[PDB]
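The next block holds one structure in the form of structure tokens; read it before the comments.
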There are 2 protein chains.
Amino acid sequence: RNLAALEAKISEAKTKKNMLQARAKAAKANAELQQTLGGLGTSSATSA
Amino acid sequence: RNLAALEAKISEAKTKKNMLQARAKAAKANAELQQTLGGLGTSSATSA
């Protein structure tokens, strides 16, 4: 029974952590998209 | 939507700046024409 419980713990923790990391990476990618959209170099063209 | 907006910005800024530069060059060419018309070397012929 301890082995059954431990395997359940291992599987759930591993998969949950992996998916959490993947979604966090997706979120940070989206945040980088937002930064790039905000990060517009209009100043240089205006100076030219 | 951000990409659509950004492409619109890029196209409009590029074309407007290019045409502005071209027309400024035309204007300076015309100003050089006016200078050449004013810049008459009558003094040298008068001295001869």
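In the structure tokens, chains take letters A, B, ... by order of appearance, with residues numbered from 1 within each chain and ligands from 1 in the order shown.
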Test item: chain B residues at most 12 Å from chain A, counting only C-alpha atoms, as a list in words: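 Per the criterion, chain B yields residues 1, 2, 3, 4, 5, 6, 7, 9, 10, 13, 14, 16, 17, 18, 20 and 21 of chain B.
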Moved chain A, fitted on chain B by every C-alpha in sequence order, as a tab-separated table (two decimals) with C-alpha atoms, in the first residue's frame:
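Resulting contents of selection-v7.tsv:
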```tsv
chain	number	residue	atom	x	y	z
A	1	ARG	CA	-4.04	42.09	-33.55
A	2	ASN	CA	-0.74	43.49	-32.26
A	3	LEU	CA	1.01	42.14	-35.36
A	4	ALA	CA	-1.60	43.72	-37.63
A	5	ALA	CA	-1.19	47.07	-35.87
A	6	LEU	CA	2.61	46.80	-35.91
A	7	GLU	CA	2.69	46.03	-39.62
A	8	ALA	CA	0.44	49.01	-40.27
A	9	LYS	CA	2.80	51.20	-38.23
A	10	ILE	CA	5.85	49.86	-40.06
A	11	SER	CA	4.40	50.34	-43.54
A	12	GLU	CA	3.04	53.82	-42.87
A	13	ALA	CA	6.15	55.08	-41.08
A	14	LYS	CA	8.49	53.69	-43.73
A	15	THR	CA	6.58	55.06	-46.71
A	16	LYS	CA	5.90	58.45	-45.10
A	17	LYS	CA	9.54	58.91	-44.08
A	18	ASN	CA	10.77	57.85	-47.52
A	19	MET	CA	8.45	60.25	-49.35
A	20	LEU	CA	9.26	63.05	-46.90
A	21	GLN	CA	12.98	62.57	-47.54
A	22	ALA	CA	12.42	62.49	-51.30
A	23	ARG	CA	10.39	65.70	-51.23
A	24	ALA	CA	12.94	67.37	-48.96
A	25	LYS	CA	15.66	66.45	-51.46
A	26	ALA	CA	13.53	67.90	-54.26
A	27	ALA	CA	13.04	71.09	-52.23
A	28	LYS	CA	16.77	71.43	-51.57
A	29	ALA	CA	17.44	70.84	-55.26
A	30	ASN	CA	15.05	73.69	-56.06
A	31	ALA	CA	16.77	75.88	-53.46
A	32	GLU	CA	20.10	75.10	-55.10
A	33	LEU	CA	18.55	76.14	-58.42
A	34	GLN	CA	17.54	79.45	-56.84
A	35	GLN	CA	21.03	79.92	-55.41
A	36	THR	CA	22.63	79.26	-58.79
A	37	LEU	CA	20.25	81.76	-60.40
A	38	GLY	CA	21.23	84.33	-57.78
A	39	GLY	CA	24.87	83.29	-57.93
A	40	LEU	CA	25.76	85.22	-61.08
A	41	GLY	CA	29.43	86.04	-61.64
A	42	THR	CA	28.80	89.39	-63.31
A	43	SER	CA	31.69	90.86	-61.32
A	44	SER	CA	34.37	88.95	-63.23
A	45	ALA	CA	33.04	89.88	-66.68
A	46	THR	CA	32.63	93.48	-65.51
A	47	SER	CA	36.25	93.45	-64.33
A	48	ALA	CA	37.46	92.10	-67.68
```
